$ cat model_23.txt   # compact mmCIF, C-alpha atoms and all ligand atoms
# COMPACT_ATOMS: atom_id res chain seq x y z
CA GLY A 446 0.00 0.00 0.00
CA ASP A 447 2.32 2.75 1.22
CA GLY A 448 5.01 1.46 -1.15
CA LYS A 449 7.58 1.07 1.63
CA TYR A 450 9.92 -1.71 2.79
CA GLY A 451 9.49 -1.56 6.55
CA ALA A 452 10.62 0.29 9.66
CA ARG A 453 9.06 1.23 12.99
CA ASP A 454 7.87 4.76 13.72
CA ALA A 455 9.68 6.34 16.67
CA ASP A 456 6.49 7.99 17.90
CA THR A 457 3.42 5.86 17.16
CA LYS A 458 5.28 2.53 17.57
CA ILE A 459 3.53 1.63 14.31
CA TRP A 460 5.25 -0.68 11.83
CA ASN A 461 4.73 0.35 8.22
CA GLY A 462 5.60 -1.08 4.81
CA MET A 463 5.90 -4.76 3.85
CA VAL A 464 6.77 -5.83 7.40
CA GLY A 465 3.72 -3.91 8.60
CA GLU A 466 1.40 -5.75 6.22
CA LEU A 467 2.71 -8.96 7.80
CA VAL A 468 2.61 -8.36 11.56
CA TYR A 469 -0.88 -6.87 11.19
CA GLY A 470 -2.08 -9.82 9.13
CA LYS A 471 -2.84 -8.04 5.85
CA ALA A 472 -0.55 -10.50 4.03
CA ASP A 473 0.94 -13.98 4.50
CA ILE A 474 4.32 -14.07 2.73
CA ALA A 475 6.65 -11.28 1.59
CA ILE A 476 8.68 -11.72 -1.60
CA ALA A 477 10.70 -8.57 -2.29
CA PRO A 478 14.23 -7.16 -1.86
CA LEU A 479 13.76 -6.90 1.91
CA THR A 480 16.91 -6.52 4.01
CA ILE A 481 17.49 -8.82 7.00
CA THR A 482 17.91 -6.58 10.07
CA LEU A 483 17.77 -6.95 13.86
CA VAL A 484 14.51 -5.14 14.68
CA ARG A 485 12.90 -7.06 11.82
CA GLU A 486 14.15 -10.46 13.01
CA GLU A 487 12.40 -9.60 16.29
CA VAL A 488 8.95 -9.08 14.76
CA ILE A 489 9.06 -11.48 11.79
CA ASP A 490 10.92 -14.57 10.59
CA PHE A 491 13.44 -14.55 7.74
CA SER A 492 14.58 -17.32 5.41
CA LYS A 493 18.19 -17.78 4.37
CA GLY B 446 36.50 -35.29 17.50
CA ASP B 447 37.24 -36.23 13.89
CA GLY B 448 38.39 -32.79 12.74
CA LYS B 449 35.76 -32.82 10.00
CA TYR B 450 33.18 -30.19 9.05
CA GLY B 451 30.00 -32.24 8.65
CA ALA B 452 28.56 -34.45 5.93
CA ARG B 453 26.35 -37.54 5.83
CA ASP B 454 27.47 -40.98 4.64
CA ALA B 455 25.48 -42.33 1.69
CA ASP B 456 26.10 -45.94 2.68
CA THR B 457 25.83 -45.93 6.47
CA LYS B 458 23.81 -42.72 7.00
CA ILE B 459 26.09 -41.24 9.66
CA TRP B 460 26.83 -37.59 10.41
CA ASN B 461 30.54 -36.88 10.85
CA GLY B 462 32.28 -33.77 12.13
CA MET B 463 30.57 -30.92 13.94
CA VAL B 464 27.09 -31.46 12.49
CA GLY B 465 27.40 -35.02 13.80
CA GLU B 466 28.66 -33.95 17.22
CA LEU B 467 25.55 -31.77 17.37
CA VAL B 468 22.87 -34.17 16.12
CA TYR B 469 24.22 -36.92 18.39
CA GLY B 470 24.31 -34.72 21.48
CA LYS B 471 28.05 -34.19 21.89
CA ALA B 472 28.04 -30.40 21.64
CA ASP B 473 25.52 -27.60 22.22
CA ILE B 474 26.68 -25.09 19.59
CA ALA B 475 29.02 -25.15 16.58
CA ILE B 476 30.98 -21.92 16.11
CA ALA B 477 33.20 -22.51 13.07
CA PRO B 478 33.46 -21.82 9.32
CA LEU B 479 30.56 -24.21 8.71
CA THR B 480 28.88 -23.75 5.33
CA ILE B 481 25.10 -23.24 5.45
CA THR B 482 23.53 -25.89 3.20
CA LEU B 483 20.09 -27.40 2.54
CA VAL B 484 20.98 -30.82 3.95
CA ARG B 485 22.62 -29.42 7.09
CA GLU B 486 19.63 -27.21 7.97
CA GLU B 487 17.53 -30.39 7.85
CA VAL B 488 18.97 -31.76 11.11
CA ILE B 489 20.37 -28.68 12.87
CA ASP B 490 19.23 -25.05 12.93
CA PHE B 491 21.43 -22.33 11.45
CA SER B 492 21.69 -18.68 12.45
CA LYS B 493 21.83 -15.96 9.81
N1 LIG C 501 33.90 -24.71 4.89
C1 LIG C 501 33.49 -25.73 3.96
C2 LIG C 501 34.62 -26.68 3.70
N2 LIG C 501 35.60 -26.07 2.87
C3 LIG C 501 36.73 -25.42 3.50
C4 LIG C 501 37.67 -24.84 2.70
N3 LIG C 501 38.80 -24.19 3.29
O1 LIG C 501 39.52 -24.79 4.08
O2 LIG C 501 39.03 -22.94 3.01
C5 LIG C 501 37.53 -24.88 1.21
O3 LIG C 501 38.36 -24.36 0.45
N4 LIG C 501 36.40 -25.53 0.66
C6 LIG C 501 35.41 -26.14 1.46
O4 LIG C 501 34.44 -26.70 0.97
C7 LIG C 501 32.36 -26.47 4.57
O5 LIG C 501 32.00 -26.21 5.75
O6 LIG C 501 31.76 -27.35 3.90
$ encode --input "model_23.txt" --output "structure tokens"
Amino acid sequence: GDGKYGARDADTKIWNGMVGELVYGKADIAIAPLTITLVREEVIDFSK
Amino acid sequence: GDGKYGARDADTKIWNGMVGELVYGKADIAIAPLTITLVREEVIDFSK
């Protein structure tokens, strides 16, 4: 929707982007050039 | 114990090396230049 990868807002604590459409249930699997980071490995699972 | 990395025998179905000393309960964690492969992930978990 918002055309973004994914990072957490510092204020609203709201995850946006691809990651956001996962943790909020709006999608099941994410296939895109998403970068494996720490804060992301905490909220979602990553393949190799 | 055998100085090997970790591969499975095709005849006897045994795991040698560090993968083996993990799957057979000899060690708790394998910190070494151990290549992440499809067959190795199938018996022991790998970190990123
Ligand atoms: N690390 C690899 C084993 N391994 C090691 C070396 N090495 O010693 O640099 C190599 O050249 N090639 C190889 O397959 C593995 O874990 O399978």
$ residues_around --input "model_23.txt" --residues "residue A:452" --least-positions-apart "5" --cutoff "9 Å" --atoms "only C-alpha atoms" --output "VMD selection string"
chain A and resid 459 to 462 464 to 465 484 to 485
$ write_last_selection --input "model_23.txt" --atoms "C-alpha atoms" --output "PDB file, in the frame of the given file"
ATOM      1  CA  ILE A 459       3.530   1.630  14.310  1.00  0.00           C
ATOM      2  CA  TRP A 460       5.250  -0.680  11.830  1.00  0.00           C
ATOM      3  CA  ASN A 461       4.730   0.350   8.220  1.00  0.00           C
ATOM      4  CA  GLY A 462       5.600  -1.080   4.810  1.00  0.00           C
ATOM      5  CA  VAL A 464       6.770  -5.830   7.400  1.00  0.00           C
ATOM      6  CA  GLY A 465       3.720  -3.910   8.600  1.00  0.00           C
ATOM      7  CA  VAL A 484      14.510  -5.140  14.680  1.00  0.00           C
ATOM      8  CA  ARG A 485      12.900  -7.060  11.820  1.00  0.00           C
TER       9      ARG A 485
END
$ residues_near_point --input "model_23.txt" --point "(35.6, -24.5, 13.2)" --cutoff "10 Å" --atoms "only C-alpha atoms" --output "PyMOL selection string"
chain B and resi 448-450+462-463+475-479
$ interface_residues --input "model_23.txt" --of "chain A" --to "chain B" --cutoff "10 Å" --atoms "all atoms listed in the file" --output "NGL selection string"
:A and (481 or 486 or 491-493)
$ calpha_fit_and_write --input "model_23.txt" --fixed "chain B" --moving "chain A" --output "mmCIF file with C-alpha atoms, in the coordinates of the input"
data_model
loop_
_atom_site.group_PDB
_atom_site.id
_atom_site.type_symbol
_atom_site.label_atom_id
_atom_site.label_comp_id
_atom_site.auth_asym_id
_atom_site.auth_seq_id
_atom_site.Cartn_x
_atom_site.Cartn_y
_atom_site.Cartn_z
ATOM 1 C CA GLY A 446 37.135 -35.305 17.127
ATOM 2 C CA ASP A 447 37.456 -36.432 13.512
ATOM 3 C CA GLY A 448 38.462 -32.885 12.551
ATOM 4 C CA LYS A 449 35.725 -32.587 9.924
ATOM 5 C CA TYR A 450 33.016 -30.029 9.107
ATOM 6 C CA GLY A 451 30.030 -32.259 8.429
ATOM 7 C CA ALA A 452 28.393 -34.409 5.771
ATOM 8 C CA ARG A 453 26.301 -37.576 5.733
ATOM 9 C CA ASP A 454 27.766 -40.934 4.742
ATOM 10 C CA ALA A 455 26.051 -42.445 1.700
ATOM 11 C CA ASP A 456 26.231 -45.936 3.181
ATOM 12 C CA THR A 457 25.923 -45.879 6.978
ATOM 13 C CA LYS A 458 23.569 -42.850 7.026
ATOM 14 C CA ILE A 459 25.913 -41.598 9.753
ATOM 15 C CA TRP A 460 26.527 -37.867 10.135
ATOM 16 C CA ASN A 461 30.128 -37.021 10.960
ATOM 17 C CA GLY A 462 32.073 -33.878 11.835
ATOM 18 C CA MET A 463 30.792 -30.803 13.694
ATOM 19 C CA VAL A 464 27.187 -31.396 12.615
ATOM 20 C CA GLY A 465 27.530 -34.971 13.852
ATOM 21 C CA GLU A 466 28.673 -33.861 17.301
ATOM 22 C CA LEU A 467 25.467 -31.808 17.444
ATOM 23 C CA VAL A 468 22.704 -34.149 16.266
ATOM 24 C CA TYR A 469 24.142 -36.898 18.482
ATOM 25 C CA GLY A 470 24.306 -34.591 21.488
ATOM 26 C CA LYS A 471 28.073 -34.540 22.048
ATOM 27 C CA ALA A 472 28.008 -30.722 21.869
ATOM 28 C CA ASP A 473 25.553 -27.832 22.282
ATOM 29 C CA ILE A 474 26.671 -24.991 19.993
ATOM 30 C CA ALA A 475 28.964 -24.952 16.950
ATOM 31 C CA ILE A 476 31.178 -21.922 16.312
ATOM 32 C CA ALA A 477 33.326 -22.520 13.228
ATOM 33 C CA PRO A 478 33.449 -21.689 9.496
ATOM 34 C CA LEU A 479 30.520 -24.019 8.793
ATOM 35 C CA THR A 480 28.723 -23.562 5.470
ATOM 36 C CA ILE A 481 24.922 -23.225 5.396
ATOM 37 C CA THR A 482 23.596 -26.009 3.135
ATOM 38 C CA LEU A 483 20.271 -27.749 2.474
ATOM 39 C CA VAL A 484 20.885 -31.179 4.036
ATOM 40 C CA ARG A 485 22.318 -29.377 7.062
ATOM 41 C CA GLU A 486 19.334 -27.036 7.450
ATOM 42 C CA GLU A 487 17.255 -30.231 7.622
ATOM 43 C CA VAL A 488 19.108 -31.735 10.592
ATOM 44 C CA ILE A 489 20.216 -28.600 12.471
ATOM 45 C CA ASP A 490 19.326 -24.920 12.807
ATOM 46 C CA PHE A 491 21.472 -22.089 11.445
ATOM 47 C CA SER A 492 21.756 -18.455 12.500
ATOM 48 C CA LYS A 493 22.046 -15.609 10.023
#
$ closest_residue --input "model_23.txt" --among "B:468, B:446, B:458, B:451" --to "ligand LIG 501 (chain C)" --atoms "all atoms listed in the file"
B:451
$ atom_distance --input "model_23.txt" --atom1 "atom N1 of ligand LIG 501 (chain C)" --atom2 "atom CA of residue A:490"
25.8 Å
$ atom_distance --input "model_23.txt" --atom1 "atom CA of residue A:489" --atom2 "atom CA of residue B:473"
25.3 Å
$ atom_distance --input "model_23.txt" --atom1 "atom CA of residue B:453" --atom2 "atom CA of residue B:488"
10.8 Å
$ axis_aligned_box --input "model_23.txt" --around "ligand LIG 501 (chain C)" --padding-each-side "5 Å" --output "JSON"
{"center_x": 35.6, "center_y": -25.1, "center_z": 3.1, "size_x": 17.8, "size_y": 14.4, "size_z": 15.3}
$ decode --input "model_23.txt" --residues "stretch 447-488 of chain B" --atoms "N, CA and C atoms" --output "PDB file, in the first residue's frame"
ATOM      1  N   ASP B 447      36.651 -35.665  15.107  1.00  0.00           N
ATOM      2  CA  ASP B 447      37.238 -36.226  13.894  1.00  0.00           C
ATOM      3  C   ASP B 447      37.895 -35.154  13.027  1.00  0.00           C
ATOM      4  N   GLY B 448      37.783 -33.900  13.456  1.00  0.00           N
ATOM      5  CA  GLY B 448      38.394 -32.792  12.745  1.00  0.00           C
ATOM      6  C   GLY B 448      37.685 -32.437  11.452  1.00  0.00           C
ATOM      7  N   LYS B 449      36.517 -33.035  11.233  1.00  0.00           N
ATOM      8  CA  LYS B 449      35.757 -32.820  10.003  1.00  0.00           C
ATOM      9  C   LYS B 449      34.684 -31.748  10.163  1.00  0.00           C
ATOM     10  N   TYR B 450      34.220 -31.213   9.037  1.00  0.00           N
ATOM     11  CA  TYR B 450      33.177 -30.194   9.048  1.00  0.00           C
ATOM     12  C   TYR B 450      31.808 -30.790   9.358  1.00  0.00           C
ATOM     13  N   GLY B 451      31.290 -31.605   8.443  1.00  0.00           N
ATOM     14  CA  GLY B 451      30.003 -32.243   8.652  1.00  0.00           C
ATOM     15  C   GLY B 451      29.273 -32.631   7.381  1.00  0.00           C
ATOM     16  N   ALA B 452      29.265 -33.926   7.087  1.00  0.00           N
ATOM     17  CA  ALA B 452      28.561 -34.452   5.926  1.00  0.00           C
ATOM     18  C   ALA B 452      28.033 -35.845   6.242  1.00  0.00           C
ATOM     19  N   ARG B 453      26.983 -36.260   5.542  1.00  0.00           N
ATOM     20  CA  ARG B 453      26.353 -37.543   5.832  1.00  0.00           C
ATOM     21  C   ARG B 453      26.802 -38.641   4.871  1.00  0.00           C
ATOM     22  N   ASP B 454      27.088 -39.814   5.427  1.00  0.00           N
ATOM     23  CA  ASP B 454      27.473 -40.978   4.641  1.00  0.00           C
ATOM     24  C   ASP B 454      26.285 -41.446   3.808  1.00  0.00           C
ATOM     25  N   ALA B 455      26.548 -41.868   2.575  1.00  0.00           N
ATOM     26  CA  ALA B 455      25.483 -42.331   1.691  1.00  0.00           C
ATOM     27  C   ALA B 455      25.234 -43.823   1.871  1.00  0.00           C
ATOM     28  N   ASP B 456      26.198 -44.505   2.478  1.00  0.00           N
ATOM     29  CA  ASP B 456      26.104 -45.942   2.682  1.00  0.00           C
ATOM     30  C   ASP B 456      25.561 -46.258   4.071  1.00  0.00           C
ATOM     31  N   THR B 457      26.132 -45.610   5.081  1.00  0.00           N
ATOM     32  CA  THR B 457      25.825 -45.929   6.472  1.00  0.00           C
ATOM     33  C   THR B 457      24.927 -44.897   7.157  1.00  0.00           C
ATOM     34  N   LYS B 458      24.669 -43.783   6.476  1.00  0.00           N
ATOM     35  CA  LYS B 458      23.810 -42.717   7.000  1.00  0.00           C
ATOM     36  C   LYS B 458      24.268 -42.193   8.360  1.00  0.00           C
ATOM     37  N   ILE B 459      25.530 -41.787   8.437  1.00  0.00           N
ATOM     38  CA  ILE B 459      26.091 -41.236   9.664  1.00  0.00           C
ATOM     39  C   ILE B 459      26.509 -39.791   9.441  1.00  0.00           C
ATOM     40  N   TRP B 460      26.357 -38.965  10.469  1.00  0.00           N
ATOM     41  CA  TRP B 460      26.829 -37.591  10.411  1.00  0.00           C
ATOM     42  C   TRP B 460      28.195 -37.457  11.083  1.00  0.00           C
ATOM     43  N   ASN B 461      29.212 -37.106  10.300  1.00  0.00           N
ATOM     44  CA  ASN B 461      30.545 -36.882  10.848  1.00  0.00           C
ATOM     45  C   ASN B 461      30.765 -35.419  11.214  1.00  0.00           C
ATOM     46  N   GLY B 462      31.895 -35.138  11.851  1.00  0.00           N
ATOM     47  CA  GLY B 462      32.282 -33.769  12.131  1.00  0.00           C
ATOM     48  C   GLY B 462      31.446 -33.062  13.178  1.00  0.00           C
ATOM     49  N   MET B 463      31.264 -31.762  12.976  1.00  0.00           N
ATOM     50  CA  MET B 463      30.573 -30.917  13.941  1.00  0.00           C
ATOM     51  C   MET B 463      29.055 -31.062  13.871  1.00  0.00           C
ATOM     52  N   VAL B 464      28.522 -31.214  12.661  1.00  0.00           N
ATOM     53  CA  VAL B 464      27.095 -31.464  12.490  1.00  0.00           C
ATOM     54  C   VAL B 464      26.718 -32.752  13.217  1.00  0.00           C
ATOM     55  N   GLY B 465      27.596 -33.748  13.123  1.00  0.00           N
ATOM     56  CA  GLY B 465      27.404 -35.016  13.801  1.00  0.00           C
ATOM     57  C   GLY B 465      27.490 -34.902  15.309  1.00  0.00           C
ATOM     58  N   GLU B 466      28.483 -34.160  15.789  1.00  0.00           N
ATOM     59  CA  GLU B 466      28.658 -33.951  17.223  1.00  0.00           C
ATOM     60  C   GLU B 466      27.621 -32.981  17.787  1.00  0.00           C
ATOM     61  N   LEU B 467      26.698 -32.548  16.935  1.00  0.00           N
ATOM     62  CA  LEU B 467      25.549 -31.772  17.375  1.00  0.00           C
ATOM     63  C   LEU B 467      24.302 -32.651  17.385  1.00  0.00           C
ATOM     64  N   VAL B 468      24.059 -33.341  16.273  1.00  0.00           N
ATOM     65  CA  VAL B 468      22.868 -34.173  16.123  1.00  0.00           C
ATOM     66  C   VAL B 468      22.895 -35.412  17.018  1.00  0.00           C
ATOM     67  N   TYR B 469      24.076 -35.758  17.521  1.00  0.00           N
ATOM     68  CA  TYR B 469      24.222 -36.923  18.387  1.00  0.00           C
ATOM     69  C   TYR B 469      24.453 -36.511  19.837  1.00  0.00           C
ATOM     70  N   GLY B 470      24.242 -35.231  20.119  1.00  0.00           N
ATOM     71  CA  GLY B 470      24.307 -34.724  21.477  1.00  0.00           C
ATOM     72  C   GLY B 470      25.687 -34.730  22.108  1.00  0.00           C
ATOM     73  N   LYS B 471      26.700 -34.329  21.345  1.00  0.00           N
ATOM     74  CA  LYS B 471      28.049 -34.194  21.885  1.00  0.00           C
ATOM     75  C   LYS B 471      28.376 -32.738  22.206  1.00  0.00           C
ATOM     76  N   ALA B 472      27.821 -31.821  21.421  1.00  0.00           N
ATOM     77  CA  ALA B 472      28.043 -30.396  21.641  1.00  0.00           C
ATOM     78  C   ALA B 472      26.733 -29.617  21.574  1.00  0.00           C
ATOM     79  N   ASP B 473      26.737 -28.409  22.128  1.00  0.00           N
ATOM     80  CA  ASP B 473      25.524 -27.604  22.216  1.00  0.00           C
ATOM     81  C   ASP B 473      25.455 -26.515  21.148  1.00  0.00           C
ATOM     82  N   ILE B 474      26.603 -26.170  20.574  1.00  0.00           N
ATOM     83  CA  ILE B 474      26.676 -25.088  19.595  1.00  0.00           C
ATOM     84  C   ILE B 474      27.977 -25.151  18.783  1.00  0.00           C
ATOM     85  N   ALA B 475      27.864 -25.007  17.464  1.00  0.00           N
ATOM     86  CA  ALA B 475      29.020 -25.154  16.579  1.00  0.00           C
ATOM     87  C   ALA B 475      29.480 -23.836  15.960  1.00  0.00           C
ATOM     88  N   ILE B 476      30.428 -23.176  16.616  1.00  0.00           N
ATOM     89  CA  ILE B 476      30.975 -21.921  16.110  1.00  0.00           C
ATOM     90  C   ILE B 476      32.246 -22.165  15.295  1.00  0.00           C
ATOM     91  N   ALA B 477      32.093 -22.223  13.974  1.00  0.00           N
ATOM     92  CA  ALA B 477      33.205 -22.508  13.070  1.00  0.00           C
ATOM     93  C   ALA B 477      32.828 -22.113  11.640  1.00  0.00           C
ATOM     94  N   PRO B 478      33.817 -22.047  10.726  1.00  0.00           N
ATOM     95  CA  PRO B 478      33.462 -21.821   9.318  1.00  0.00           C
ATOM     96  C   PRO B 478      32.683 -22.998   8.732  1.00  0.00           C
ATOM     97  N   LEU B 479      31.418 -23.108   9.126  1.00  0.00           N
ATOM     98  CA  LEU B 479      30.555 -24.205   8.715  1.00  0.00           C
ATOM     99  C   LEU B 479      29.554 -23.718   7.674  1.00  0.00           C
ATOM    100  N   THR B 480      29.707 -24.197   6.445  1.00  0.00           N
ATOM    101  CA  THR B 480      28.879 -23.747   5.330  1.00  0.00           C
ATOM    102  C   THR B 480      27.396 -24.067   5.528  1.00  0.00           C
ATOM    103  N   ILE B 481      26.546 -23.061   5.336  1.00  0.00           N
ATOM    104  CA  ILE B 481      25.102 -23.240   5.453  1.00  0.00           C
ATOM    105  C   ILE B 481      24.536 -23.904   4.198  1.00  0.00           C
ATOM    106  N   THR B 482      24.080 -25.148   4.330  1.00  0.00           N
ATOM    107  CA  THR B 482      23.529 -25.890   3.196  1.00  0.00           C
ATOM    108  C   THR B 482      22.136 -26.452   3.483  1.00  0.00           C
ATOM    109  N   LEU B 483      21.449 -26.880   2.427  1.00  0.00           N
ATOM    110  CA  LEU B 483      20.089 -27.402   2.539  1.00  0.00           C
ATOM    111  C   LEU B 483      20.027 -28.643   3.420  1.00  0.00           C
ATOM    112  N   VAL B 484      20.969 -29.556   3.217  1.00  0.00           N
ATOM    113  CA  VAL B 484      20.979 -30.816   3.949  1.00  0.00           C
ATOM    114  C   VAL B 484      21.361 -30.653   5.419  1.00  0.00           C
ATOM    115  N   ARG B 485      22.184 -29.653   5.718  1.00  0.00           N
ATOM    116  CA  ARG B 485      22.616 -29.418   7.093  1.00  0.00           C
ATOM    117  C   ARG B 485      21.522 -28.759   7.932  1.00  0.00           C
ATOM    118  N   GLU B 486      20.746 -27.879   7.304  1.00  0.00           N
ATOM    119  CA  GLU B 486      19.630 -27.210   7.971  1.00  0.00           C
ATOM    120  C   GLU B 486      18.540 -28.219   8.340  1.00  0.00           C
ATOM    121  N   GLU B 487      18.564 -29.373   7.681  1.00  0.00           N
ATOM    122  CA  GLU B 487      17.532 -30.391   7.854  1.00  0.00           C
ATOM    123  C   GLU B 487      17.642 -31.177   9.161  1.00  0.00           C
ATOM    124  N   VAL B 488      18.777 -31.060   9.844  1.00  0.00           N
ATOM    125  CA  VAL B 488      18.972 -31.763  11.111  1.00  0.00           C
ATOM    126  C   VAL B 488      19.414 -30.833  12.243  1.00  0.00           C
TER     127      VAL B 488
END
